[PDB]
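Novice: CSV, C-alpha atoms and all ligand atoms, saved as entry02.csv, coming up:
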chain,number,residue,atom,x,y,z
Y,1,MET,CA,-110.9,-88.7,77.5
Y,2,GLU,CA,-109.6,-92.2,76.4
Y,3,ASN,CA,-106.0,-91.0,76.2
Y,4,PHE,CA,-106.0,-91.4,79.9
Y,5,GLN,CA,-106.3,-94.6,81.9
Y,6,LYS,CA,-107.8,-93.8,85.3
Y,7,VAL,CA,-105.8,-95.4,88.1
Y,8,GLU,CA,-107.9,-94.1,90.9
Y,9,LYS,CA,-109.8,-91.2,92.4
Y,10,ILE,CA,-107.5,-89.0,94.6
Y,11,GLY,CA,-110.4,-86.9,96.0
Y,12,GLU,CA,-112.9,-84.1,95.6
Y,13,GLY,CA,-110.6,-81.1,94.9
Y,14,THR,CA,-111.3,-77.5,95.6
Y,15,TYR,CA,-113.2,-77.3,92.2
Y,16,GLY,CA,-113.8,-80.9,91.2
Y,17,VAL,CA,-113.0,-84.6,91.4
Y,18,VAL,CA,-109.3,-85.6,91.0
Y,19,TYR,CA,-107.9,-88.8,89.5
Y,20,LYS,CA,-104.5,-90.3,89.3
Y,21,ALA,CA,-104.3,-91.2,85.7
Y,22,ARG,CA,-101.9,-92.7,83.2
Y,23,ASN,CA,-101.4,-91.4,79.7
Y,24,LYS,CA,-102.0,-94.6,77.6
Y,25,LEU,CA,-99.6,-93.1,75.1
Y,26,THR,CA,-96.7,-91.6,77.1
Y,27,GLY,CA,-97.2,-93.9,80.0
Y,28,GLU,CA,-96.9,-90.7,82.1
Y,29,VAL,CA,-98.7,-90.8,85.5
Y,30,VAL,CA,-100.5,-87.6,86.2
Y,31,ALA,CA,-103.2,-86.0,88.4
Y,32,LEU,CA,-106.3,-85.2,86.4
Y,33,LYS,CA,-108.7,-82.6,87.9
Y,34,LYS,CA,-112.1,-82.3,86.3
Y,35,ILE,CA,-113.6,-78.9,86.9
Y,36,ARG,CA,-117.3,-78.0,86.9
Y,37,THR,CA,-121.6,-74.1,84.8
Y,38,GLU,CA,-122.7,-72.6,81.4
Y,39,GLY,CA,-119.7,-73.1,79.2
Y,40,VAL,CA,-116.9,-72.1,81.6
Y,41,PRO,CA,-115.4,-68.6,81.4
Y,42,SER,CA,-113.3,-68.3,78.3
Y,43,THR,CA,-111.4,-65.7,80.3
Y,44,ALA,CA,-110.5,-68.4,82.7
Y,45,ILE,CA,-109.2,-70.5,79.8
Y,46,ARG,CA,-106.8,-67.8,78.7
Y,47,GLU,CA,-105.7,-67.2,82.3
Y,48,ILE,CA,-105.3,-70.9,83.1
Y,49,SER,CA,-103.3,-71.4,79.9
Y,50,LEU,CA,-100.9,-68.8,81.1
Y,51,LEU,CA,-100.2,-70.8,84.3
Y,52,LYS,CA,-98.8,-73.6,82.0
Y,53,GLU,CA,-95.6,-71.5,81.5
Y,54,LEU,CA,-95.1,-70.9,85.2
Y,55,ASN,CA,-92.4,-73.4,85.7
Y,56,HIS,CA,-90.4,-73.8,88.9
Y,57,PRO,CA,-89.1,-76.8,90.9
Y,58,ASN,CA,-91.4,-75.8,93.8
Y,59,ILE,CA,-94.5,-75.4,91.8
Y,60,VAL,CA,-96.6,-78.4,90.7
Y,61,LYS,CA,-96.4,-78.3,86.9
Y,62,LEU,CA,-99.6,-77.7,85.1
Y,63,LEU,CA,-99.1,-80.0,82.0
Y,64,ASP,CA,-102.3,-79.2,80.2
Y,65,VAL,CA,-105.7,-77.6,80.3
Y,66,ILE,CA,-108.5,-79.2,78.3
Y,67,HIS,CA,-111.8,-77.5,77.8
Y,68,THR,CA,-114.5,-79.8,76.4
Y,69,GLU,CA,-118.2,-80.6,76.9
Y,70,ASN,CA,-118.5,-77.7,79.4
Y,71,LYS,CA,-115.9,-79.7,81.4
Y,72,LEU,CA,-112.5,-78.3,82.3
Y,73,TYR,CA,-109.7,-80.8,82.7
Y,74,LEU,CA,-106.4,-79.8,84.4
Y,75,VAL,CA,-103.5,-82.2,84.0
Y,76,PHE,CA,-100.8,-81.8,86.6
Y,77,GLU,CA,-97.5,-83.5,87.3
Y,78,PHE,CA,-98.2,-86.1,90.0
Y,79,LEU,CA,-96.8,-86.3,93.5
Y,80,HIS,CA,-97.7,-89.0,95.9
Y,81,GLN,CA,-98.5,-87.2,99.1
Y,82,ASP,CA,-99.7,-83.8,100.4
Y,83,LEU,CA,-98.4,-82.1,103.6
Y,84,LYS,CA,-101.7,-82.5,105.4
Y,85,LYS,CA,-101.3,-86.3,105.3
Y,86,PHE,CA,-97.6,-86.1,106.1
Y,87,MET,CA,-98.3,-83.9,109.1
Y,88,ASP,CA,-101.0,-86.2,110.3
Y,89,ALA,CA,-98.6,-89.1,109.9
Y,90,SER,CA,-95.8,-87.2,111.8
Y,91,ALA,CA,-98.2,-86.1,114.5
Y,92,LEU,CA,-96.7,-88.3,117.2
Y,93,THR,CA,-93.1,-87.5,116.6
Y,94,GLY,CA,-93.3,-84.1,114.9
Y,95,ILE,CA,-91.6,-83.2,111.6
Y,96,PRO,CA,-88.0,-82.7,112.5
Y,97,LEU,CA,-87.0,-79.0,112.4
Y,98,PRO,CA,-84.5,-79.4,109.6
Y,99,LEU,CA,-87.3,-80.7,107.4
Y,100,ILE,CA,-89.8,-78.1,108.5
Y,101,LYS,CA,-87.1,-75.5,107.6
Y,102,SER,CA,-86.3,-77.1,104.3
Y,103,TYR,CA,-90.0,-77.2,103.4
Y,104,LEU,CA,-90.6,-73.6,104.5
Y,105,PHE,CA,-87.5,-72.4,102.5
Y,106,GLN,CA,-88.6,-74.3,99.3
Y,107,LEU,CA,-92.2,-73.0,99.7
Y,108,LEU,CA,-90.9,-69.4,100.0
Y,109,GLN,CA,-88.7,-69.9,96.9
Y,110,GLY,CA,-91.9,-71.1,95.1
Y,111,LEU,CA,-93.8,-68.1,96.3
Y,112,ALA,CA,-91.0,-65.6,95.5
Y,113,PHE,CA,-91.1,-67.0,92.0
Y,114,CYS,CA,-94.9,-66.9,91.6
Y,115,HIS,CA,-95.0,-63.4,93.2
Y,116,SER,CA,-92.2,-62.1,91.0
Y,117,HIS,CA,-94.4,-63.3,88.1
Y,118,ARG,CA,-97.5,-61.5,89.4
Y,119,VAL,CA,-99.2,-64.8,90.3
Y,120,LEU,CA,-100.9,-65.3,93.7
Y,121,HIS,CA,-101.9,-68.6,95.2
Y,122,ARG,CA,-104.8,-67.2,97.4
Y,123,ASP,CA,-105.7,-70.6,99.0
Y,124,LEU,CA,-102.5,-72.1,100.4
Y,125,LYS,CA,-103.1,-74.9,102.9
Y,126,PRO,CA,-101.3,-78.1,103.8
Y,127,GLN,CA,-103.5,-80.1,101.4
Y,128,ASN,CA,-102.2,-77.9,98.5
Y,129,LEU,CA,-98.6,-78.6,99.3
Y,130,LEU,CA,-97.3,-81.8,97.7
Y,131,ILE,CA,-94.2,-83.7,98.6
Y,132,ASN,CA,-92.1,-86.5,97.1
Y,133,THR,CA,-89.4,-88.9,98.3
Y,134,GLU,CA,-86.6,-86.6,97.4
Y,135,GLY,CA,-87.4,-84.0,100.1
Y,136,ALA,CA,-89.0,-81.6,97.6
Y,137,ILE,CA,-92.3,-79.8,98.4
Y,138,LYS,CA,-94.4,-78.1,95.8
Y,139,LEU,CA,-97.1,-75.5,95.7
Y,140,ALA,CA,-100.3,-76.9,94.0
Y,141,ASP,CA,-103.3,-75.0,92.5
Y,142,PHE,CA,-101.5,-71.7,92.3
Y,143,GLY,CA,-103.3,-69.2,90.1
Y,144,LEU,CA,-106.6,-71.0,90.0
Y,145,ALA,CA,-108.5,-69.0,92.6
Y,146,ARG,CA,-108.1,-65.8,90.4
Y,147,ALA,CA,-109.6,-67.8,87.5
Y,148,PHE,CA,-112.7,-68.8,89.5
Y,149,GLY,CA,-113.9,-66.1,92.0
Y,150,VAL,CA,-113.8,-67.0,95.7
Y,151,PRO,CA,-114.2,-70.4,97.5
Y,152,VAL,CA,-117.3,-71.6,99.4
Y,153,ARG,CA,-118.2,-75.2,98.9
Y,154,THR,CA,-116.6,-77.9,96.7
Y,155,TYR,CA,-118.7,-80.3,94.5
Y,156,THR,CA,-119.8,-82.4,97.5
Y,157,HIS,CA,-120.6,-79.2,99.4
Y,158,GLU,CA,-117.5,-79.8,101.5
Y,159,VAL,CA,-116.7,-77.1,104.2
Y,160,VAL,CA,-114.2,-74.5,103.0
Y,161,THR,CA,-111.1,-74.3,105.2
Y,162,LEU,CA,-110.6,-70.8,106.6
Y,163,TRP,CA,-107.7,-71.6,108.8
Y,164,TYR,CA,-105.1,-70.1,106.5
Y,165,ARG,CA,-107.0,-67.0,105.3
Y,166,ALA,CA,-105.2,-63.7,105.8
Y,167,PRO,CA,-107.1,-61.2,108.0
Y,168,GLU,CA,-107.5,-58.6,105.2
Y,169,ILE,CA,-109.5,-61.2,103.3
Y,170,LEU,CA,-111.7,-61.9,106.3
Y,171,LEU,CA,-112.2,-58.2,106.8
Y,172,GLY,CA,-113.6,-58.0,103.3
Y,173,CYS,CA,-110.7,-56.5,101.4
Y,174,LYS,CA,-111.4,-56.7,97.7
Y,175,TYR,CA,-107.8,-56.7,96.4
Y,176,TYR,CA,-105.6,-59.5,97.5
Y,177,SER,CA,-101.9,-58.9,97.5
Y,178,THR,CA,-99.0,-61.3,97.6
Y,179,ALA,CA,-99.1,-60.8,101.3
Y,180,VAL,CA,-102.1,-63.2,101.7
Y,181,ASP,CA,-99.9,-66.1,100.7
Y,182,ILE,CA,-97.2,-65.2,103.2
Y,183,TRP,CA,-99.8,-65.2,105.9
Y,184,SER,CA,-101.1,-68.7,104.9
Y,185,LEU,CA,-97.6,-70.0,104.8
Y,186,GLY,CA,-96.9,-68.6,108.2
Y,187,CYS,CA,-100.0,-70.4,109.5
Y,188,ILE,CA,-98.7,-73.6,107.9
Y,189,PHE,CA,-95.2,-73.0,109.3
Y,190,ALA,CA,-96.7,-72.7,112.8
Y,191,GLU,CA,-98.8,-75.9,112.3
Y,192,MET,CA,-95.8,-78.0,111.2
Y,193,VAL,CA,-94.0,-76.8,114.4
Y,194,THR,CA,-96.7,-77.2,117.0
Y,195,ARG,CA,-98.6,-80.0,115.2
Y,196,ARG,CA,-101.8,-78.1,115.6
Y,197,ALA,CA,-103.5,-75.6,113.3
Y,198,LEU,CA,-102.7,-72.1,114.5
Y,199,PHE,CA,-106.1,-70.6,113.8
Y,200,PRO,CA,-108.7,-73.4,113.4
Y,201,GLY,CA,-111.8,-71.2,112.9
Y,202,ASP,CA,-115.1,-72.9,112.0
Y,203,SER,CA,-116.8,-69.8,110.7
Y,204,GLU,CA,-115.4,-66.6,109.2
Y,205,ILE,CA,-116.0,-64.6,112.4
Y,206,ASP,CA,-114.6,-67.4,114.6
Y,207,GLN,CA,-111.5,-67.4,112.3
Y,208,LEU,CA,-111.1,-63.7,112.6
Y,209,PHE,CA,-111.6,-63.8,116.4
Y,210,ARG,CA,-109.2,-66.7,116.8
Y,211,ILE,CA,-106.6,-64.5,115.0
Y,212,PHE,CA,-107.5,-61.5,117.2
Y,213,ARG,CA,-107.3,-63.5,120.4
Y,214,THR,CA,-103.8,-64.6,119.6
Y,215,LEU,CA,-102.2,-61.6,117.8
Y,216,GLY,CA,-104.4,-59.0,119.5
Y,217,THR,CA,-107.3,-57.1,117.9
Y,218,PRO,CA,-105.8,-54.9,115.3
Y,219,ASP,CA,-106.0,-51.2,115.5
Y,220,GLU,CA,-104.8,-48.1,113.5
Y,221,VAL,CA,-101.5,-48.3,115.2
Y,222,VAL,CA,-100.4,-51.7,114.0
Y,223,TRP,CA,-102.6,-51.7,110.9
Y,224,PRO,CA,-103.4,-48.2,109.4
Y,225,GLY,CA,-106.7,-48.4,107.6
Y,226,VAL,CA,-108.0,-51.5,109.4
Y,227,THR,CA,-111.0,-49.7,110.9
Y,228,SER,CA,-112.1,-48.6,107.4
Y,229,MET,CA,-112.0,-52.1,106.0
Y,230,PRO,CA,-115.3,-53.4,104.5
Y,231,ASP,CA,-116.3,-55.9,107.2
Y,232,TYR,CA,-114.5,-54.2,110.2
Y,233,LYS,CA,-116.9,-53.5,113.1
Y,234,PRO,CA,-116.1,-51.1,116.0
Y,235,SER,CA,-117.9,-53.7,118.1
Y,236,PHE,CA,-115.1,-56.3,117.6
Y,237,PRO,CA,-113.9,-57.2,121.1
Y,238,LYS,CA,-110.5,-55.9,121.9
Y,239,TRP,CA,-108.1,-58.7,122.9
Y,240,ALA,CA,-104.5,-58.1,124.0
Y,241,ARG,CA,-101.8,-59.6,121.9
Y,242,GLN,CA,-100.5,-62.9,123.4
Y,243,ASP,CA,-96.8,-63.3,124.0
Y,244,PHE,CA,-95.4,-64.9,120.9
Y,245,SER,CA,-93.3,-67.5,122.8
Y,246,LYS,CA,-96.6,-69.0,123.9
Y,247,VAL,CA,-97.9,-69.5,120.3
Y,248,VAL,CA,-95.3,-71.8,118.7
Y,249,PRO,CA,-93.4,-73.3,121.5
Y,250,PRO,CA,-90.7,-74.6,121.5
Y,251,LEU,CA,-89.6,-72.8,118.2
Y,252,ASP,CA,-86.4,-70.8,118.6
Y,253,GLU,CA,-86.2,-67.0,118.4
Y,254,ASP,CA,-85.1,-67.1,114.7
Y,255,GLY,CA,-88.2,-69.1,113.9
Y,256,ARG,CA,-90.5,-67.0,116.0
Y,257,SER,CA,-89.0,-63.8,114.6
Y,258,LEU,CA,-89.6,-65.0,111.0
Y,259,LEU,CA,-93.1,-66.2,111.9
Y,260,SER,CA,-94.0,-62.9,113.5
Y,261,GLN,CA,-93.0,-61.1,110.3
Y,262,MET,CA,-95.1,-63.5,108.2
Y,263,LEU,CA,-98.0,-62.8,110.5
Y,264,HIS,CA,-97.9,-59.0,110.7
Y,265,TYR,CA,-101.5,-57.7,110.4
Y,266,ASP,CA,-100.6,-54.9,108.0
Y,267,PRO,CA,-100.3,-56.6,104.6
Y,268,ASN,CA,-97.7,-53.9,103.8
Y,269,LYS,CA,-95.5,-54.7,106.7
Y,270,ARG,CA,-95.8,-58.5,106.2
Y,271,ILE,CA,-92.5,-59.9,105.0
Y,272,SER,CA,-92.2,-60.7,101.3
Y,273,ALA,CA,-91.3,-64.3,100.2
Y,274,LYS,CA,-88.0,-62.9,98.9
Y,275,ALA,CA,-87.1,-61.1,102.1
Y,276,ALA,CA,-88.1,-64.1,104.2
Y,277,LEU,CA,-85.6,-66.2,102.3
Y,278,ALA,CA,-82.8,-64.0,103.7
Y,279,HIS,CA,-84.0,-64.3,107.3
Y,280,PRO,CA,-81.4,-65.7,109.7
Y,281,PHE,CA,-83.7,-68.6,110.4
Y,282,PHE,CA,-82.5,-70.1,107.1
Y,283,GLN,CA,-78.7,-69.7,107.8
Y,284,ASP,CA,-78.4,-73.5,108.5
Y,285,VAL,CA,-81.1,-74.7,106.1
Y,286,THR,CA,-80.5,-78.1,104.4
Y,287,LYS,CA,-82.6,-80.5,102.3
Y,288,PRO,CA,-83.4,-83.6,104.4
Y,289,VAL,CA,-85.0,-86.8,103.1
Y,290,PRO,CA,-88.5,-87.2,104.5
Y,291,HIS,CA,-89.7,-90.6,105.8
Y,292,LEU,CA,-92.5,-91.2,103.3
Y,293,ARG,CA,-94.5,-94.4,103.4
Y,294,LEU,CA,-96.4,-94.6,100.1
Q,301,LIG,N1,-100.7,-83.1,91.5
Q,301,LIG,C1,-101.0,-84.2,92.3
Q,301,LIG,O1,-100.4,-85.2,92.3
Q,301,LIG,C2,-102.2,-84.1,93.0
Q,301,LIG,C3,-103.3,-83.2,92.5
Q,301,LIG,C4,-104.5,-83.1,93.2
Q,301,LIG,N2,-105.4,-82.3,92.7
Q,301,LIG,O2,-105.5,-82.1,91.4
Q,301,LIG,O3,-106.3,-81.7,93.5
Q,301,LIG,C5,-104.7,-83.8,94.5
Q,301,LIG,CL1,-106.1,-83.8,95.4
Q,301,LIG,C6,-103.6,-84.6,95.0
Q,301,LIG,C7,-102.4,-84.8,94.3
Q,301,LIG,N3,-101.4,-85.5,94.7
Q,301,LIG,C8,-101.3,-86.0,96.2
Q,301,LIG,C9,-101.9,-87.3,96.4
Q,301,LIG,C10,-101.6,-88.4,95.5
Q,301,LIG,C11,-102.2,-89.7,95.7
Q,301,LIG,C12,-103.1,-89.8,96.8
Q,301,LIG,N4,-103.5,-88.8,97.6
Q,301,LIG,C13,-102.9,-87.6,97.4
Step by step, read the file and then write its structure as structure tokens.

Specialist:
Amino acid sequence: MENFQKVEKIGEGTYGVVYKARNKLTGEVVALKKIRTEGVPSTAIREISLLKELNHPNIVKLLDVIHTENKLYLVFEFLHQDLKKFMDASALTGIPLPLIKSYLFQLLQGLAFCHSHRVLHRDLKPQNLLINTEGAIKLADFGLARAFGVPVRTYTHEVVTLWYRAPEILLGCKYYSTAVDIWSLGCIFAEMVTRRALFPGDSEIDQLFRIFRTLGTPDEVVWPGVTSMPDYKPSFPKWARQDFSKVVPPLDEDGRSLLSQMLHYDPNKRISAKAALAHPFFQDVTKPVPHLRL
């Protein structure tokens, strides 16, 4: 509208273009996401509206949802940087462990909150984690995926990142559980630690096989029901699980232990956000100040 004064284009979000904008009235600086269509699902409107009440310090606040002219505008509290940029910027030195730990702990608090409220993220990735100068990190775009089917190609037909997708999703499971978010977060945790994506698949099958090559091809022993999953094929090659100390060196045993529980194949054995918060890895957690250059 005209209530907002566009400051600049932030990018081509998962659904549409994103602008940093200023409310000409409140002077508030926000992120404005314009979403793509034959009137936009009124069901999505109701659902999205619900997300406005989902308030937590580690969840990017959804200030407003405006449906007009077949266009859907989402107004979010604004944060200056995402974790992908931060990780790229810290690539040479690595994010100090205390900060990695603080971020993981805050992200789990955010997930525990969303999950206790029956809200799933479904598409967690570094890009969707925003940080500020105070050392806070927040989950962005939480319950959107459920209010808009499944991803494939953004407006500019950009390639959908499969790197953080849980295996049950890749094996065609129809009902996501809170476990898919823990999986993505485990992938992100590993990436902050090693400074390299854990499973950088460039196709759905390559994603699945990269997971299999590292964690071992799942079977009925470690994942009851896996062989009956929609896209499971008996012809999948059978790779032996790799030693976990080789996956995220030089992370300590507390860290490797937590990660392994976040990466259990069986969604039901995978650790919950709540339980993960109690893991010994967080015994000495603190809240460091990141070195952000805005
Ligand atoms: N809530 C937000 O602040 C925000 C929202 C969206 N988005 O609605 O999709 C996106 Cl892309 C980025 C954001 N900020 C990070 C940022 C800020 C300035 C420049 N580059 C990145």

Novice: Here is a test: counting all atoms listed in the file, which residue of Y:206, Y:67, Y:122, Y:47 is nearest to residue 175 in chain Y?

Specialist: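 Of all the options, Y:122 lies closest to residue 175 in chain Y.
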
Novice: Can you pull out the residues contacting residue 161 in chain Y? Cut-off 10 Å, using only C-alpha atoms, and skip same-chain residues under 2 positions away; I want them as a count of residues only.

Specialist: 16

Novice: Return as CSV the residues of chain Y lying at most 9 Å from ligand LIG 301 (chain Q), together with the closest atom-to-atom pair for each and the distance in Å to one decimal, counting only C-alpha atoms and all ligand atoms, with rows in chain order and ascending residue number.

Specialist:
residue,atom,partner,partner_atom,distance
Y:8,CA,Q:LIG301,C11,8.7
Y:9,CA,Q:LIG301,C12,8.1
Y:10,CA,Q:LIG301,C12,5.0
Y:11,CA,Q:LIG301,CL1,5.3
Y:12,CA,Q:LIG301,CL1,6.8
Y:13,CA,Q:LIG301,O3,4.6
Y:14,CA,Q:LIG301,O3,6.9
Y:15,CA,Q:LIG301,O3,8.3
Y:16,CA,Q:LIG301,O3,7.9
Y:17,CA,Q:LIG301,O3,7.6
Y:18,CA,Q:LIG301,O2,5.2
Y:19,CA,Q:LIG301,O2,7.4
Y:20,CA,Q:LIG301,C11,6.8
Y:29,CA,Q:LIG301,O1,9.0
Y:30,CA,Q:LIG301,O1,6.6
Y:31,CA,Q:LIG301,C1,4.8
Y:32,CA,Q:LIG301,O2,5.9
Y:33,CA,Q:LIG301,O2,4.8
Y:34,CA,Q:LIG301,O2,8.3
Y:60,CA,Q:LIG301,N1,6.3
Y:61,CA,Q:LIG301,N1,7.9
Y:62,CA,Q:LIG301,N1,8.4
Y:74,CA,Q:LIG301,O2,7.4
Y:75,CA,Q:LIG301,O2,7.7
Y:76,CA,Q:LIG301,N1,5.1
Y:77,CA,Q:LIG301,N1,5.3
Y:78,CA,Q:LIG301,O1,3.3
Y:79,CA,Q:LIG301,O1,4.0
Y:80,CA,Q:LIG301,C10,4.0
Y:81,CA,Q:LIG301,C8,4.2
Y:82,CA,Q:LIG301,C8,5.0
Y:83,CA,Q:LIG301,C8,8.9
Y:85,CA,Q:LIG301,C13,8.2
Y:127,CA,Q:LIG301,CL1,7.5
Y:128,CA,Q:LIG301,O3,7.5
Y:129,CA,Q:LIG301,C8,8.5
Y:130,CA,Q:LIG301,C8,6.0
Y:131,CA,Q:LIG301,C8,7.8
Y:140,CA,Q:LIG301,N1,6.7
Y:141,CA,Q:LIG301,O3,7.4
Y:294,CA,Q:LIG301,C11,8.8

Novice: List every residue of range 128-222 of chain Y that has an atom at most 12 Å from any atom of range 99-119 of chain Y, and for each one report the closest atom pair and its distance in Å to one decimal, counting all atoms listed in the file, with rows sorted by chain and then by increasing residue number, as JSON lines.

Specialist:
{"residue": "Y:128", "atom": "CA", "partner": "Y:107", "partner_atom": "CA", "distance": 11.2}
{"residue": "Y:129", "atom": "CA", "partner": "Y:107", "partner_atom": "CA", "distance": 8.5}
{"residue": "Y:130", "atom": "CA", "partner": "Y:103", "partner_atom": "CA", "distance": 10.3}
{"residue": "Y:131", "atom": "CA", "partner": "Y:103", "partner_atom": "CA", "distance": 9.1}
{"residue": "Y:132", "atom": "CA", "partner": "Y:103", "partner_atom": "CA", "distance": 11.4}
{"residue": "Y:134", "atom": "CA", "partner": "Y:99", "partner_atom": "CA", "distance": 11.6}
{"residue": "Y:135", "atom": "CA", "partner": "Y:103", "partner_atom": "CA", "distance": 8.0}
{"residue": "Y:136", "atom": "CA", "partner": "Y:103", "partner_atom": "CA", "distance": 7.3}
{"residue": "Y:137", "atom": "CA", "partner": "Y:103", "partner_atom": "CA", "distance": 6.1}
{"residue": "Y:138", "atom": "CA", "partner": "Y:107", "partner_atom": "CA", "distance": 6.8}
{"residue": "Y:139", "atom": "CA", "partner": "Y:107", "partner_atom": "CA", "distance": 6.8}
{"residue": "Y:140", "atom": "CA", "partner": "Y:110", "partner_atom": "CA", "distance": 10.3}
{"residue": "Y:141", "atom": "CA", "partner": "Y:119", "partner_atom": "CA", "distance": 11.2}
{"residue": "Y:142", "atom": "CA", "partner": "Y:119", "partner_atom": "CA", "distance": 7.5}
{"residue": "Y:143", "atom": "CA", "partner": "Y:119", "partner_atom": "CA", "distance": 6.0}
{"residue": "Y:144", "atom": "CA", "partner": "Y:119", "partner_atom": "CA", "distance": 9.7}
{"residue": "Y:145", "atom": "CA", "partner": "Y:119", "partner_atom": "CA", "distance": 10.5}
{"residue": "Y:146", "atom": "CA", "partner": "Y:119", "partner_atom": "CA", "distance": 9.0}
{"residue": "Y:147", "atom": "CA", "partner": "Y:119", "partner_atom": "CA", "distance": 11.2}
{"residue": "Y:176", "atom": "CA", "partner": "Y:119", "partner_atom": "CA", "distance": 11.0}
{"residue": "Y:177", "atom": "CA", "partner": "Y:115", "partner_atom": "CA", "distance": 9.3}
{"residue": "Y:178", "atom": "CA", "partner": "Y:115", "partner_atom": "CA", "distance": 6.3}
{"residue": "Y:179", "atom": "CA", "partner": "Y:115", "partner_atom": "CA", "distance": 9.4}
{"residue": "Y:180", "atom": "CA", "partner": "Y:111", "partner_atom": "CA", "distance": 11.0}
{"residue": "Y:181", "atom": "CA", "partner": "Y:111", "partner_atom": "CA", "distance": 7.8}
{"residue": "Y:182", "atom": "CA", "partner": "Y:108", "partner_atom": "CA", "distance": 8.2}
{"residue": "Y:183", "atom": "CA", "partner": "Y:108", "partner_atom": "CA", "distance": 11.5}
{"residue": "Y:184", "atom": "CA", "partner": "Y:107", "partner_atom": "CA", "distance": 11.2}
{"residue": "Y:185", "atom": "CA", "partner": "Y:104", "partner_atom": "CA", "distance": 7.9}
{"residue": "Y:186", "atom": "CA", "partner": "Y:104", "partner_atom": "CA", "distance": 8.9}
{"residue": "Y:187", "atom": "CA", "partner": "Y:104", "partner_atom": "CA", "distance": 11.1}
{"residue": "Y:188", "atom": "CA", "partner": "Y:104", "partner_atom": "CA", "distance": 8.8}
{"residue": "Y:189", "atom": "CA", "partner": "Y:104", "partner_atom": "CA", "distance": 6.7}
{"residue": "Y:190", "atom": "CA", "partner": "Y:100", "partner_atom": "CA", "distance": 9.8}
{"residue": "Y:191", "atom": "CA", "partner": "Y:100", "partner_atom": "CA", "distance": 10.0}
{"residue": "Y:192", "atom": "CA", "partner": "Y:100", "partner_atom": "CA", "distance": 6.6}
{"residue": "Y:193", "atom": "CA", "partner": "Y:100", "partner_atom": "CA", "distance": 7.4}
{"residue": "Y:194", "atom": "CA", "partner": "Y:100", "partner_atom": "CA", "distance": 11.0}
{"residue": "Y:195", "atom": "CA", "partner": "Y:100", "partner_atom": "CA", "distance": 11.2}

Novice: What is the CA of residue 265 in chain Y to CA of residue 223 in chain Y distance in Å?

Specialist: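 Rounded to one decimal, the two atoms are 6.1 Å apart.
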
Novice: Name the closest residue to residue 226 in chain Y among the candidates Y:169, Y:95, Y:148, Y:1; distances are taken between atoms, counting all atoms listed in the file.

Specialist: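 Nearest to residue 226 in chain Y: Y:169.
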
Novice: Pick from Y:256, Y:6, Y:246, Y:36: nearest to residue 22 in chain Y, with only C-alpha atoms counted?

Specialist: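 Distance minimum relative to residue 22 in chain Y lands on Y:6.
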
Novice: So which one's closest to residue 39 in chain Y, Y:56, Y:290, Y:258, Y:72? Using only C-alpha atoms, please.

Specialist: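 Smallest distance to residue 39 in chain Y is found for Y:72.
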
Novice: For each of Y:240, Y:65, Y:91, Y:276, take the minimum atom-to-atom distance to residue 257 in chain Y, counting only C-alpha atoms, then give the residue where this is smallest.

Specialist: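 Using only C-alpha atoms, the shortest distance to residue 257 in chain Y belongs to Y:276.
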
Novice: Would you list the contacts of residue 222 in chain Y as a PyMOL selection string, taking every protein, DNA or RNA residue within 12 Å and counting all atoms listed in the file, but skipping same-chain residues closer than 5 positions in sequence?

Specialist: chain Y and resi 215-217+227+241+263-270
